[PDB]
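Student: Next up is a structure, given as structure tokens.
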Amino acid sequence: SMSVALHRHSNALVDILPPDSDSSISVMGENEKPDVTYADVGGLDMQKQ
Amino acid sequence: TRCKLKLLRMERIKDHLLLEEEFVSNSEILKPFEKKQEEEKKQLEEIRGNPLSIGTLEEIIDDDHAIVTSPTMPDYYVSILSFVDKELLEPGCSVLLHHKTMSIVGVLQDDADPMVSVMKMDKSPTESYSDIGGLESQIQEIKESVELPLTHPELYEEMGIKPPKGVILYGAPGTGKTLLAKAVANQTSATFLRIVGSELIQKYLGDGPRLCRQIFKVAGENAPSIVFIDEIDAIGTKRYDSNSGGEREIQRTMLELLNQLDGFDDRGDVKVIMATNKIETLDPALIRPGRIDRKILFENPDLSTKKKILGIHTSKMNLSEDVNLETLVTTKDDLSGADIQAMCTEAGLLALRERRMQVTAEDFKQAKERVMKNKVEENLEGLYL
Amino acid sequence: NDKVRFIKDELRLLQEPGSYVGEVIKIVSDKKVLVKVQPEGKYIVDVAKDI
Amino acid sequence: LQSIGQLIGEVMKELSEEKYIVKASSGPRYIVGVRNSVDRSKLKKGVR
Ligand SMILES: Nc1ncnc2c1ncn2[C@@H]1O[C@H](COP(=O)(O)OP(=O)(O)OP(=O)(O)O)[C@@H](O)[C@H]1O
Ligand SMILES: [Mg+2]
């Protein structure tokens, strides 16, 4: 059981979708961190390890 | 041997005879279809078609029309048609509507629903009196109210007061009120409807009340009757969510029931049994004290009572020859028949564990230990010492 | 010939209309059955030629 | 009268450059196409 495509006017299974589809968006921004790196850190070097 | 032979004689001739007579008759019917029959069946098909949508008849308007409510969200103003008339119909009955163009084309359901199936039972109850044995005094409040006016309503007329009307089984869990309701209704000799009030709760609108209404209609046909609405506590006053609700329909259902208590004519012939955990598990809005009559208060079995209950259980239990009933009663203090039922079963489990056929007295102590376990009280000697 | 024929026969099934899905609650006396169509309401409907 | 209304959804998820999962206001989720006229640089997830 997973999401799948059906035709609009034939109402049948013509095509398949990944299950990834029709589920929560994954990072609503772009995925990665802005220019902030291990250089910018400044912590907490050990615990970051 | 001969007692077999005689029954054998009767039962073979009646069954066998009947089979041959049915077998021939299916042919004898179908060969002639000339004249009246062919005409009748043909018209009925034409007026109808395929598929036929279930409907419900809300009311009749006196001009050969009716107001109907479909399972689809719309409701509709339809014509009354076919062999089924408004004289042959009655409101609240499920009716066949033709799909394309809504008109009553017939009926085949005749007010048959999946709620109607569960409520129905016109047979005698399973338990007879003192299966249900004992809470004798409790039976000696339910019988007074429930058995007696059905049997002779005369008594009350000579007494000079209104008959009793309903009973409220309330108080302790585990006293078997859900079983007790059965016991009495056998003794009287009457029809026994049983419905669980949880199935009168619906997330569909106007459906809640339709289901309550079906009960009293049925009850009146098969009168005298005792109707058991099991768990009126389960309509209760509860709420599913308060941010998308669910707590509207609860009220409308509760209300439809308070009205037909008295309002289904002043009769003790339309008895009700309302089982409830306590009264404060119900909607607090209530009908007056005499309309429901006596409220029946279940409380814990005393020392004598739980000998009776215990005794019933252990007769059924096999291979307990090393158990003596009294000694079980000595160690234990007052408790429900519910927990006696569990102790006896936990004692089979222990003896099955060990792989030994016998069930000891010693065994039973281990079972007492398990049941009592988390009832411990040390503030008993907190006050006393 | 086998291959071209099949690709066209599956297309023919798509073009012809949908189906639904019920469960038989009871049998009624015109040789129809009371079905509850699971995602919608009830429909009383005629048997097949295989049923 | 000859221009006609239009339907609103929101891009629920990007399926492809030329295929989008939109969730219609009317009701059902759809896979739609991309017109020549709308550029895919404008399209992205979560935009109306
Ligand atoms: N009078 C009796 N004689 C024999 N067994 C009994 C008797 N009363 C109760 N019992 C036993 O105890 C069980 C529990 O009773 P029952 O299921 O009727 O409870 P209840 O009081 O309606 O509780 P709730 O508040 O959960 O509705 C019965 O199934 C039966 O095995
Ligand atoms: Mg109960």
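Residue numbers (the authors' numbering), protein chains in the order written: chain K, 134 to 182; chain I, 53 to 437; chain J, 52 to 102; chain L, 98 to 145. All C-beta atoms, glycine included, are put in the ideal place defined by N, C-alpha and C.
(1) Tell me where the alpha helix (DSSP H) around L59 (chain I) begins and ends.
(2) Have a look at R319 (chain I) and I191 (chain I) and give me their C-alpha separation to the nearest angstrom.
(3) So if DSSP puts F135 (chain I) in a beta bridge, which residue, or which two residues, is it bridged to?
(4) Verify whether the separation of the beta carbon atoms of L109 (chain I) and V157 (chain I) is less than 8 Å.
(5) With a 10 Å radius around its C-beta and 16 neighbouring C-beta atoms as the bar for buried, classify residue 255 (chain K) as buried or exposed.
(6) Return the chain-ordered list of same chain residues with a C-beta closer than 7 Å to the C-beta of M109 (chain L), the five sequence neighbours on each side being excluded.
(7) Mark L221 (chain I) as exposed unless 16 or more other C-beta atoms lie within 10 angstroms of its C-beta, in which case mark it buried.
(8) What's the C-alpha gap between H68 (chain I) and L57 (chain I)?
(9) For the stretch 91-114 of chain I, which residues have a CB atom closer than 7 Å to at least one CB atom of chain J, in sequence order?
(10) Got a sec: is the Cβ-Cβ distance from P215 (chain I) to anything in chain J below 8 Å?
(11) Give the C-beta separation of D374 (chain I) and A403 (chain I) to the nearest angstrom, bearing in mind that I take them to be a contact with Cβ-Cβ under 8 Å.
(12) Does DSSP put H365 (chain I) in a helix, in a strand, or in coil?
(13) Is there contact between the stretch 281-289 of chain I and the stretch 324-332 of chain I, where contact requires at least three CB pairs shorter than 8 Å?
(14) Considering only the alpha carbon of each residue, which of K:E165, K:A138 and K:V169 lies closest to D155 (chain K)?
(15) Please list the residues of the stretch 136-167 of chain K that have a C-beta atom closer than 8 Å to any C-beta atom in chain J, keeping them in chain order.
(16) Please list, in chain order, the chain J residues whose beta carbon lies closer than 7 Å to that of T124 (chain I).
(17) Verify whether the separation of the beta carbon atoms of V120 (chain I) and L149 (chain I) is less than 8 Å.
(18) Determine, using beta carbons only, whether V411 (chain I) and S372 (chain I) come nearer to each other than 8 Å.
(19) Answer yes or no: does any C-beta atom of chain J fall closer than 8 Å to that of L148 (chain I)?
(20) Assuming contact is defined by CB atoms lying nearer than 8 Å, are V136 (chain I) and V159 (chain I) in contact in what I supplied?
(21) Give a yes or no on whether the C-beta atoms belonging to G144 (chain I) and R265 (chain I) are separated by under 8 Å.
(22) So which residues of chain J does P166 (chain I) contact, with C-beta pairs closer than 9 Å?
(23) By the 10 Å Cβ neighbour count, where 16 or more other Cβ atoms means buried, how is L263 (chain I) classified, buried or exposed?
(24) Comparing the CB of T230 (chain I) with every heavy atom of ligand 1, is any distance shorter than 7 Å?
(25) Going along the chain, which residues of its own chain have a beta-carbon closer than 8 Å to the beta-carbon of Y181 (chain I), five neighbours each way excluded?
(26) Thinking just about the alpha-carbon of each residue, which of I:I65, I:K172 and I:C55 is nearest to the one in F268 (chain I)?
(27) For ligand 2, is there a heavy atom less than 7 Å away from the beta-carbon of residue 22 (chain I)?
(28) With a threshold of 7 Å (Cβ to nearest heavy atom), would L187 (chain I) be considered close to ligand 1?
(29) Shorter than 8 Å from the beta carbon of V79 (chain J) to some beta carbon of chain I?
(30) Taking the continuous beta strand (DSSP E) assigned at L313 (chain I), which residues delimit it?
(31) Mind listing the chain K neighbours of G73 (chain J)? Cutoff is C-beta to C-beta under 7 Å, in chain order.
Tutor: According to the data block:
(1) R54 to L82
(2) Computed Cα separation, rounded: 22 Å.
(3) According to DSSP, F135 (chain I) bridges with nothing at all.
(4) no
(5) Because chain K is modelled from 134 through 182, residue 255 (chain K) falls outside the range shown and cannot be assessed.
(6) A distance below 7 Å between beta-carbons, with the five flanking residues on each side excluded, links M109 (chain L) to the following residues of its chain, in chain order: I118, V119, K120 and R126.
(7) The residue in question, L221 (chain I), is buried, as its Cβ has 16 or more Cβ neighbours within 10 Å.
(8) When rounded, the distance between both Cα atoms is 16 Å.
(9) Under the 7 Å Cβ criterion, the stretch 91-114 of chain I contributes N102, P103, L104, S105 and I106.
(10) no
(11) With a Cβ gap of about 10 Å, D374 (chain I) and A403 (chain I) do not count as contacting.
(12) It is helical.
(13) yes
(14) Relative to the Cα of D155 (chain K), the nearest Cα in the group K:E165, K:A138 and K:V169 belongs to K:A138.
(15) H140, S143, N144, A145 and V147
(16) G92
(17) yes
(18) yes
(19) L148 (chain I) counts as touching chain J.
(20) yes
(21) yes
(22) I76 and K87
(23) buried
(24) yes
(25) By the criterion of a C-beta distance shorter than 8 Å, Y181 (chain I) is surrounded in its chain by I191, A235, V236, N238 and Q239, once the five residues flanking it on both sides are discounted.
(26) I:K172
(27) Residue 22 (chain I) lies beyond the stretch modelled for chain I, which goes from 53 to 437, so this question has no answer here.
(28) yes
(29) yes
(30) Not the beta strand (DSSP E): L313 (chain I) falls in the alpha helix (DSSP H), residues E301 to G315.
(31) Result: empty, since nearest Cβ-Cβ is about 17 Å, beyond 7 Å.
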